[PDB]
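By convention in this document, chain letters (A, B, ...) are assigned in the order of the sequence lines, proteins followed by strands, and residues within each chain are numbered from 1. Every heavy atom of this structure was used, including side-chain atoms; hydrogens, water molecules and symmetry mates were not.
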Amino acid sequence: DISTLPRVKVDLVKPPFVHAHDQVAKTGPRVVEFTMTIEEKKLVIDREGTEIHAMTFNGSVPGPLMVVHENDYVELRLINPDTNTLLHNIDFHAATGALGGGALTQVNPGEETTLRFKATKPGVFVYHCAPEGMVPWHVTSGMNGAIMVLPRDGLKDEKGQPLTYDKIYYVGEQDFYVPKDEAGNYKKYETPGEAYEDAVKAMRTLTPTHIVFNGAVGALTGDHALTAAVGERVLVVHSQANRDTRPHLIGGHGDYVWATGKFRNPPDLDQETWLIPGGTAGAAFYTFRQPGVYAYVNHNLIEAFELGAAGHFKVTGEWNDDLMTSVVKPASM
Amino acid sequence: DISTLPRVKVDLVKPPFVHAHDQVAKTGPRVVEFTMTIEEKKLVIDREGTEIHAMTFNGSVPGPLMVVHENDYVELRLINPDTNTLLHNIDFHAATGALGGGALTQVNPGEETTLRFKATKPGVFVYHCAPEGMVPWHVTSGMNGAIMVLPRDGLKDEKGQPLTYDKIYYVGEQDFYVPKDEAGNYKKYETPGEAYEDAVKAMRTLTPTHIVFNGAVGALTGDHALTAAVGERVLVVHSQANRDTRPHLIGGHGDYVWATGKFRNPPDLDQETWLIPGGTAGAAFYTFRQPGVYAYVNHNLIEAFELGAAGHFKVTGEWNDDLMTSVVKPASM
Amino acid sequence: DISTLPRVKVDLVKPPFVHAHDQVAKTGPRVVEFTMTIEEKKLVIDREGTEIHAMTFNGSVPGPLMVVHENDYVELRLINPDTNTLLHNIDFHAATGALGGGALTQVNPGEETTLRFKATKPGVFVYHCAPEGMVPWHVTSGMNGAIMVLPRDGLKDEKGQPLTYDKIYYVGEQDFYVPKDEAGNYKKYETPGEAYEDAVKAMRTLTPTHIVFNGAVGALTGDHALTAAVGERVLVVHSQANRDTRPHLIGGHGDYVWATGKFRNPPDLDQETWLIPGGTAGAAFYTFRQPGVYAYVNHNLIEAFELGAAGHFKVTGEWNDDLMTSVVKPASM
Ligand SMILES: [Cu+2]
Ligand SMILES: [Cu+2]
Ligand SMILES: [Cu+2]
Ligand SMILES: [Cu+2]
Ligand SMILES: [Cu+2]
Ligand SMILES: [Cu+2]
């Protein structure tokens with residue numbers, strides 16, 4: 001009886017950060033209340049100043065990571081302000097029924113809706129917008145995110161022993177398809193409706209123009225590099241709502257990886273690289289063992305270093321010369 | 001001694017349906033006899049009336065699902081009628097030796113052949129045509145299907161307990177590469193031989209023009225939507241003989257998934273989406289928990305909703321408001 | 001204390017062959033010493049005589065397979081002769097820290113360096129060149145290979161029982177992006193620096209012009225076909241530093257497969273085809289059961305048979321008619 005369950009209100013935070021939560025459930029099942037406001041906005045996605053009409057949950061690409069426990073109820077108030085011009089909705093891959101909630105959450109500008117669903121399966125899951133007839137346009141305009149449904153007793157390794165993270169980050173990876181003129185320059189439109197049919201032609205080529213983390217080239221670098229310390233246990237949740245990706249921590253590993261993101265399965269150990277299929281969220285657990293800069297990439301290195309799918313960690317601590325050392329620094333023969 | 005084994009003749013059925021079989025073997029090992037007639041035919045693959053010279057086993061794209069048990073013998077009579085104009089053969093991924101049988105089954109028009117092989121490994125497997133020098137043209141002209149080799153004691157979960165399906169469907173997913181003129185319109189040819197070299201150029205671009213289930217855009221929708229009831233256990237076998245796919249049941253999950261299709265492995269649980277590599281068949285088991293329409297897709301949503309890789313389930317039964325409910329239907333603020 | 005450990009010097013061999021090693025470690029942990037000389041060279045990659053400025057470790061594409069045991073120390077002397085014109089370095093995916101060693105191994109022509117790292121994780125791993133700002137160009141010019149870190153007690157099956165191979169081969173699969181003129185003919189440059197910017201445009205299309213095993217179309221065929229005998233246990237290590245692949249032994253299987261290459265995980269059994277993500281090495285174990293020619297392919301059959309990703313095994317021994325036989329050879333009706 002759902003009336004009788006506790007309610008807790010969660011205030012979301014902007015990726016790659018994750019809202020505060022408990023790994024091990026400190027309460028019984030709850031109705032966990034979220035609100036997201038849909039924002040249609042111009043976003044600059046690259047160093048060149050290329051613009052897209054982005055379609056966002058809560059103003060970000062990706063949408064924020066929501067976190068609950070298995071057999072919690074997720075209750076989302078989804079608001080489509082009258083400053084928007086499109087139809088929106090939401091499909092949670094975590095949910096069961098009505099196209100993941102998409103059939104129940106179609107909101108015109110000036111409308112809102114509240115959906116509740118029971119999070120029966122533990123894992124990380126994609127959520128995305130999916131209005132009938134215009135689904136790939138919405139998703140590849142950035143209107144996707146993820147939800148983590150933790151087991152009530154937290155994550156476990158392949159032996160069933162607890163794995164506890166110190167830090168969690170959420171990397172949303174976005175393929176964009178910016179339409180081009182016949183010379184191959186990107187096009188600009190006053191409104192999203194004007195972009196749409198050219199958007200469909202660009203998507204049908206299947207090759208992205210850009211592939212970015214956290215909504216832009218370089219978003220997770222510099223002052224916005226991810227951070228950790230030697231000895232810290234870090235979970236990286238990574239989603240890709242539309243295309244395969246192959247994440248790799250350059251300088252590290254995934255010590256435990258749920259490549260297709262579902263925590264009732266034992267993790268894969270010691271991964272160099274893993275395949276997160278388009279329409280999936282995955283999670284990798286790593287304990288840093290060396291300080292310094294790491295590149296976290298889609299290991300199609302073209303996608304990473306030419307199209308945008310690369311971020312950095314800056315890791316503090318002491319250097320372990322037993323794990324790695326320069327015996328002879330680069331020098332002339 | 002094979003003479004002494006029972007023979008059973010199977011009459012195949014058109015995908016997405018599957019011929020009658022027993023999950024748990026009710027006999028000892030058998031020689032299971034199949035006949036397929038090769039048909040070269042014009043097929044309309046999209047709503048626009050785009051045509052291809054399709055190359056089929058038994059008149060369908062995909063070819064029918066064959067079902068046997070482990071350590072049965074598959075005996076296929078493969079007929080190339082004199083109304084055809086090409087060389088054909090068959091490679092079973094389930095089989096061992098002679099390029100999966102391809103080296104033994106090359107039939108000119110007006111020829112037939114009978115191949116026998118022992119199905120030593122349980123799983124779902126691709127079969128396809130593969131004539132030396134022209135293999136991708138044949139496969140991507142639709143000449144592929146799948147065979148399921150069930151364990152003799154039926155499917156098992158990750159704990160080794162029986163999993164019994166009520167219903168099984170076979171989704172064959174086909175990438176087509178229809179040649180284009182310089183404006184990007186699809187080309188038509190009187191005969192397959194006239195299409196061939198332009199076919200090779202179109203394939204070499206690597207990007208499909210169409211990606212369809214059951215041989216056409218919309219084939220598994222409307223009167224040909226897949227069906228189930230709440231509480232029904234359904235196995236969806238999915239193959240892709242040439243390219244990766246990432247199936248997703250929109251509104252559901254794969255409760256147990258053999259993404260790369262081999263039943264001696266424990267299934268992956270609770271999948272949102274899974275990666276079936278090109279040249280593979282996979283299988284997902286799901287118990288429906290909600291009525292209504294589901295979209296079963298390749299979750300590159302461009303491939304699904306622009307190129308054709310989307311089908312529907314229509315599911316009957318009562319709606320469970322505990323699993324999902326609209327708290328506040330879409331309404332003005 | 002590393003001074004006190006044994007040192008062993010390994011002399012590498014050209015792929016697809018693998019240097020001599022012990023599967024089960026016959027010594028305690030060692031510093032295993034390797035030397036590689038970087039060679040920039042013109043390579044003809046196809047039957048048409050298409051040329052690329054290849055960037056190699058030790059003169060080969062791929063670079064040689066290095067083999068050590070877990071908790072050995074790998075010590076690589078990497079030499080950039082003054083006959084080269086580019087900056088090079090090396091990222092070992094097996095290693096921990098400093099971008100896999102890339103941050104410590106940047107050598108100008110006329111320089112060398114020696115890196116040591118502890119091989120803490122067992123598996124097969126990609127290594128590649130990765131100079132900051134030019135990483136995908138180097139990798140897709142062929143400057144990648146793999147390292148196998150065997151468990152000290154050798155490989156184990158899914159039950160933890162020994163798996164011992166008779167033969168090991170290393171297939172490096174290389175996506176190349178040869179720039180084209182406007183008619184689609186490949187371009188030639190006097191020097192690598194002249195190719196670079198056109199190389200970047202070609203890579204950004206994301207679709208390879210060629211995809212080859214062992215550095216060229218047809219490299220593992222004819223006199224250079226891989227070989228085995230019926231009853232022989234063969235491990236095929238396969239890497240792809242930049243794009244997904246889907247290996248398949250046509251006529252066979254992967255009896256035990258580590259698709260993402262990490263030996264602390266149980267292998268997947270009875271695979272027809274497996275997904276090795278770009279930036280990964282994988283390994284498949286197979287016991288041949290039939291003689292004859294096998295095609296070992298990337299099972300995007302376009303990539304295999306049009307772009308180059310196909311090799312052969314020639315297998316000797318007797319034919320098993322119980323596993324497969326022609327009942328009726330192709331003949332007229
Ligand atoms: Cu939307
Ligand atoms: Cu989805
Ligand atoms: Cu055929
Ligand atoms: Cu095949
Ligand atoms: Cu280099
Ligand atoms: Cu790498």
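- In this structure B:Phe288 satisfies the ring-ring contact (aromatic ring centres under 6.0 Å, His included) test together with B:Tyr286, B:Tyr294, B:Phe313, sequence neighbours excluded.
- Here the side chains of B:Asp255 and B:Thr287 are in contact, with some heavy-atom distance below 4.5 Å.
- In this structure, B:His93 has its ring center closer than 6.0 angstrom to the ring center of B:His128.
- Residues B:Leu43 and B:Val61 form a side-chain contact, since some pair of their non-hydrogen atoms from C-beta on lies under 4.5 Å apart.
- At a threshold of 4.5 Å between non-hydrogen side-chain atoms, the residues B:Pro208 and A:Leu206 count as touching.
- Looking only at side-chain heavy atoms (C-beta outward), B:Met55 and B:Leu86 come within less than 4.5 Å of each other.
- B:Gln240 places no side-chain N or O within 3.5 Å of a backbone atom of B:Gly172 that could act as its donor or acceptor partner.
- For B:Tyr189, there are no ring-ring contact (aromatic ring centres under 6.0 Å, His included) partners at least two apart in sequence or on another chain.
- Checked against B:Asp46 for a side-chain contact (heavy atoms from CB on, under 4.5 Å), the options B:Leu307, B:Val217, B:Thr209 give a single hit: B:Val217.
- At a threshold of 4.5 Å between non-hydrogen side-chain atoms, the residues B:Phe17 and B:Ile168 do not count as touching.
- Looking only at distances, a side-chain donor or acceptor of B:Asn298 sits under 3.5 Å from a matching main-chain atom of B:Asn300.
- Defined by atom type and a distance below 3.5 Å, a donor-acceptor pair is missing between the side-chain atoms of B:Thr56 and B:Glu39.
- The cationic atom of B:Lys262 (NZ for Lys, CZ for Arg) lies less than 6.0 Å from the six-membered ring centre of B:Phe125 and within 45° of the ring axis.
- Within 6.0 Å of CD on B:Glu194 lie more than 12 heavy atoms contributed by other residues, nucleotides or ligands.
- Side-chain contact between B:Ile211 and B:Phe176: absent, with no pair of heavy atoms (C-beta onward) separated by less than 4.5 Å.
- Listed by chain and residue number, nothing satisfies the ring-ring contact (aromatic ring centres under 6.0 Å, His included) test with B:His312 (two or more places apart in sequence, or in another chain).
- Among residues two or more places apart in sequence or in another chain, the salt bridge (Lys or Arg N to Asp or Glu O under 4.0 Å) test is passed with B:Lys156 by B:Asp153.
- Side-chain atoms of B:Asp166 do not come within 3.5 Å of backbone N or O of B:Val234 as any donor-acceptor pair.
- At distances below 3.5 Å, not a single donor-acceptor pair connects side-chain atoms of B:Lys14 with backbone N or O atoms of B:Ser60.
- Partner of B:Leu76 under the side-chain contact (heavy atoms from CB on, under 4.5 Å) criterion, out of B:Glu33, B:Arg116, B:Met36: B:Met36 alone.
- Partners of B:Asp157 under the side chain to side chain donor-acceptor pair (under 3.5 Å) rule, at least two apart in sequence or in another chain, are B:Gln161.
- Qualifying side chain to side chain donor-acceptor pair (under 3.5 Å) partners for C:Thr273, counting only residues two or more places apart in sequence or in other chains: C:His248.
- A search for ring-ring contact (aromatic ring centres under 6.0 Å, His included) contacts involving B:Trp274 returns nothing, not counting sequence neighbours.
- Within the 4.5 Å cutoff, the side chain of B:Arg246 has no heavy atoms near those of the A:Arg243 side chain.
- Residues meeting the side chain to side chain donor-acceptor pair (under 3.5 Å) test with B:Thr35, sequence neighbours left out: none.
- Between the side chain of B:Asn144 and the main chain of B:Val139, a donor-acceptor pair closer than 3.5 Å is present.
- Taking the side chain as every heavy atom from C-beta outward, B:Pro131 and B:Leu87 approach each other to under 4.5 Å.
- Listed by first then second residue, pairs satisfying ring-ring contact (aromatic ring centres under 6.0 Å, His included) with a partner in residues 32-52 of chain B read B:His19-B:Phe34, not counting sequence neighbours.
- Listed by first and then second residue, the ring-ring contact (aromatic ring centres under 6.0 Å, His included) pairs that reach into residues 38-86 of chain B are B:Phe57-B:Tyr127, sequence neighbours excluded.
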Checklist entry - Do B:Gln106 and B:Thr113 pass the side-chain contact (heavy atoms from CB on, under 4.5 Å) test, and can you show the C-alpha distance, the side-chain angles, and the key distance before you say yes or no? => result CA-CA 8 Å; B:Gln106 294 177 74; B:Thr113 187; over 6 Å; no
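- Taking each heavy atom of B:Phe285 and B:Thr164 in turn, the nearest pair found is CZ-O, 3.4 Å.
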Checklist entry - Should B:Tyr165 and B:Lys167 be marked as a side-chain hydrogen bond (donor to acceptor under 3.5 Å, both in side chains) after you check the CA-CA gap, both sets of side-chain angles, and the distance that decides it? => result CA-CA 6 Å; B:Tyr165 49 88; B:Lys167 303 199 69 166; over 6 Å; no
Next on the checklist: Is there a side-chain contact (heavy atoms from CB on, under 4.5 Å) between B:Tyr170 and B:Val124? Walk through the geometry before answering.
Outcome noted: CA-CA 10 Å; B:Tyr170 173 35; B:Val124 287; over 6 Å; no
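- Between B:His138 and B:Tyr196, the distance from one ring center to the other does not fall under 6.0 angstrom.
- One N or O on the side chain of B:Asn84 and one on the backbone of B:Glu40 form a donor-acceptor pair closer than 3.5 Å.
- Looking at residues two or more places apart in sequence or on another chain, you find no side chain to side chain donor-acceptor pair (under 3.5 Å) involving B:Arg152.
- The side chain to side chain contact (heavy atoms under 4.5 Å, CB included) test applied to B:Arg289 returns A:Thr96, A:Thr120, B:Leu323, not counting sequence neighbours.
- Checking side-chain atoms of B:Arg204 against main-chain N and O of C:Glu306 turns up a donor-acceptor pair under 3.5 Å.
- A perpendicular orientation is assigned to the rings of B:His238 and B:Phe213, their planes being inclined by more than 60° (bins at 30° and 60°).
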